[PDB]
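Only one chain is shown below, in structure tokens, and it's the form deposited in one PDB entry.
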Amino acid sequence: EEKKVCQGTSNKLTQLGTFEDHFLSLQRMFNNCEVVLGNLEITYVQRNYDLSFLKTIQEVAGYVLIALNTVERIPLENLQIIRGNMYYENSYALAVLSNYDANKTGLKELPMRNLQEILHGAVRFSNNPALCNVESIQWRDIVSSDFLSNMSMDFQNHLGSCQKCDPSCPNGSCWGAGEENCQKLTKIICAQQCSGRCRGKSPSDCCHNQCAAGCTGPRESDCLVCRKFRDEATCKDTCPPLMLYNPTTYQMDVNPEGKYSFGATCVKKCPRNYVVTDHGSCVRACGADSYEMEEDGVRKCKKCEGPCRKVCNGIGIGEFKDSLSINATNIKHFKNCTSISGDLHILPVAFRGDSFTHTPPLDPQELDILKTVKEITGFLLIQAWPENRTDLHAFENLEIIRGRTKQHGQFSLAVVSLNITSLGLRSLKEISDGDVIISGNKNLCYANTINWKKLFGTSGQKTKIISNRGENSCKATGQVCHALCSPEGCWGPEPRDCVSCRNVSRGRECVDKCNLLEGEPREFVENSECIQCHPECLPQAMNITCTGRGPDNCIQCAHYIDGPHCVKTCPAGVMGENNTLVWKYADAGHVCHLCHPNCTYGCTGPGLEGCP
């Protein structure tokens, strides 16, 4: 019942070197194969090659592509189903194309005796002139309704004679010579009583709604192959869900009878290569959107929260060997970088261009590339910067400068000789080692406000703040820290430039107070951070609304209450233990209570009379 699984392929019309290399590559993918999880692509196979190994295949999840083969026969004698997860030209589940050459020779035989259903997709046939017999095939039985509009069936055989469908076959429909090849029919040959397929003509010969190709009986475990999912010899809409709702505990529990979806199979543990997905599937690897975290023992896939960490060299290393500065050439190599193993130099050449080096001028806008950077391992040196830019905008997301290497062996941060008015390193929270120099910035204000020691991780560290803008000038021009900033300084005049907020902070923004009596949404406070109170909690006019993030932590519930949790609608139709749905009702006081077991389809009150 559990079959032998093949990854599939998605090369399409490409050829891996020699015809023999291609072939031997193909034979290595589908040897001893029954189920193919990807797409099946038979390609560039020549005459007198033994494709005996393809007989073993029974089902394919993706699409089937049979293209550019001059071999006489392709024995897919047992393929039963194409799910059509993936389409070839975004219409086609099955595609057979140009299996022919200028040698006047081509593919004659394609006996899919057992191809019985295609869930999604259409078919295409073009330029298989050697091929016969398939023209007989009636595709109403195989294909879904919705798709028969996008079928491109051009059959022409001129290359040779073929045999006629042994009369035993119905309406002359066969996949080839012999009664063994007669088309089997299980959809268009059944009484209207049957929604699904059938194993006979009568209204008792109906199959289950979950059968795909055909049946040995009417039961859910009698299908040849499943429509949706198979759970150990039965077919199901969905696999048993991993999470069940505990009505005594009121929180979700993990059910031990829960399963993950490997392809179209319900499985307790995913395979070894594999990882789980938020929908519940077991999958080859997490999306480039994402990374792997093993949580509660299962290696799930989580999504980045920011560009995924990427580690790039700094100037003078590897890619940037013998470079002097981030210049117009090399600034693009920093795209999607999070962390620099090395130092950064932004020097005046970069803007001028350097001809001896063949380097052009740098367009300021492109500095935005560095917005993604959050860590530097060495030092940061900026001797040049756009003249009409107030602050260091490129580094507003820089969180840490480790300074394992240092300019002149001393400085891990050097902002020198610039026209900036603020540093704007809002995100910078640590300079692990090495000194700091902010020197010669005539317009720069705010620098001396910072309690630099807060950033230092090594005790002998020092800061040089020299010949910047006079504090007296900077003060008189109102370019001082915001009234909401702590005595610990700022990176600019805004309340989001603060190093610590004076009272509290909302986002990255700072005070004045968190929303407690008045609120756009109401909030609560922990670690001096304004945090929203849960939505299902009703804002109090005389008191506080929340004491915590959750629906446990509210004073009055807006709508209904379920145990401890204040909820918008009371649970009605949620799965639980012994594979049964859970139905609650609200009483007059809006507290929600469990219904009578017998009230299977729901309720309005206790016990039936609740369940009429």
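A residue's number is simply how far along the shown sequence it sits, counting from 1.
Residue gap status of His333, at least a third of other entries
That residue is present in all of the other compared entries.
Checking the other PDB entries with both flanking residues built, is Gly196 absent in a third or more?
It is, since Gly196 is left out of at least a third of the other entries that model both flanking stretches.
Comparing 469-477 with 81-89, which stretch shows the greater average C-alpha B-factor in the deposited entry?
Mean C-alpha B-factor is greater for 81-89.
Between the two ranges 588-596 and 14-22, the one averaging a larger CA B factor in the entry:
Going by the record's values, the stretch with the higher mean is 14-22.
Going by the deposited entry, which of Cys165, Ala233, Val525, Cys239 has the highest CA temperature factor?
Checking the PDB record, the top C-alpha B-factor among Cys165, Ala233, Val525, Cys239 is at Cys165.
Residue selected from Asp146, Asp343, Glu399, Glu529 by maximal Cα B factor:
Reading the PDB entry, the winner on C-alpha B-factor is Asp146.
Going by the CA temperature factor in the PDB record, which third of the chain does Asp278 belong to: lowest, middle or highest?
Highest third.
Assigned third (lowest, middle, highest) for the C-alpha B factor of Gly38
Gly38: CA B-factor falls in the middle third of its chain.
Rank-wise, by C-alpha B-factor, drop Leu51 into the lowest, middle or highest third of its chain.
Its C-alpha B-factor, which the entry lists for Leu51, ranks in the highest third among residues of this chain.
Ranked by Cα temperature factor within the chain, is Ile561 in the lowest third, the middle third or the highest third?
Its C-alpha B-factor, which the entry lists for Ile561, ranks in the lowest third among residues of this chain.
Going by the CA temperature factor in the PDB record, which third of the chain does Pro256 belong to: lowest, middle or highest?
As the PDB entry reports it, the C-alpha B-factor of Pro256 lands in the highest third of its chain.
Form deposited in another entry: not shown, discussed below.
Single out the hinge among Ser459, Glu305, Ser145, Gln192, the place where one rigid part of the chain pivots against the other between the shown form and the other one.
Of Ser459, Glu305, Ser145, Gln192, the hinge residue is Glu305.
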